[PDB]
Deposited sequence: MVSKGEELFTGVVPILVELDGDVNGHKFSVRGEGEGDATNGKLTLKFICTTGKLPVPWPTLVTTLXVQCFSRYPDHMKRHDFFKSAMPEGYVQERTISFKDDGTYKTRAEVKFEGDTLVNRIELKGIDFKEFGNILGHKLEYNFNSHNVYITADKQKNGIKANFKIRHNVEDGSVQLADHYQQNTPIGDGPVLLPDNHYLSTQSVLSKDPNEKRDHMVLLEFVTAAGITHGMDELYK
């Protein structure tokens, strides 16, 4: 297909986020590459405004599902690649249980040969001494299933899923994700049957990096439709 042909090789990635959480203004820039054939991406993110005012794990889902490995028998259900190169808008509400809410708006699209994710994030009602603004979250990220359903009215998809962040006192911080994706092109796009993405992530640090940063390794495969 047109869209899927853009992802047969290794694709450079750029991520830019401007965020405002309880009045904290911050920016993040990420760079790396994605290999959708193997469902794998490698990225390094840097807070370009100084210290990140929220924990890095809380931004992982906001910081390119077009790099998911869709098995051959499922390629008919890969909305994300089918919207390319024109791209799609990805919007989310992320409700941290007993805490504040992120609202995000992003565009994911090709800018030349680079796949770019540009994000605006607004967070309100966060607890200044809670798990997020208090930086009480472990520096890791557990495996999740993202459940995707078509949204024929918007010619796009919706997704719902619950992220679980390990709190350093042993408890767990829930973050309910509500997600809507709309194509930017006028071209036709694949609308999928119900299915899910299975995601696994590894967070690390670059020892020679003095800025506040996150190295991210991610592995995503699609599933939920019988061969």
{"property": "Missing segments of the deposited chain sequence, listed N- to C-terminal", "result": "1-2, 66, 231-237"}
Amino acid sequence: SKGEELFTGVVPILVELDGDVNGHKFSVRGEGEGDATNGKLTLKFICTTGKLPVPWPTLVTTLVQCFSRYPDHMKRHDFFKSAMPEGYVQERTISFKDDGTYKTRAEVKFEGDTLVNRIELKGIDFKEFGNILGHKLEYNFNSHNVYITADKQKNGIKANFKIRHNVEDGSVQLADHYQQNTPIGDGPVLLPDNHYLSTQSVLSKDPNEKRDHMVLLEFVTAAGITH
From here on, numbers count along this sequence of modelled residues.
| query | finding |
| --- | --- |
| 148-156 versus 103-111 - greater average Cα B-factor per the deposited record | 148-156 |
| Higher-B stretch (mean Cα B-factor, as the entry records it), 163-171 or 23-31 | 163-171 |
| Residue, from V54, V202, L190, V64, that the PDB entry assigns the highest Cα B-factor | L190 |
| Third of the chain, ranked by Cα B-factor, where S198 sits | highest |
| Third of chain Cα B-factors occupied by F45 | lowest |
| Entry-reported Cα temperature factor of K127, expressed as the chain third it lands in | highest |
| Modelled-residue ranking by C-alpha temperature factor, third containing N38 | highest |
| Modelled-residue ranking by C-alpha temperature factor, third containing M74 | highest |
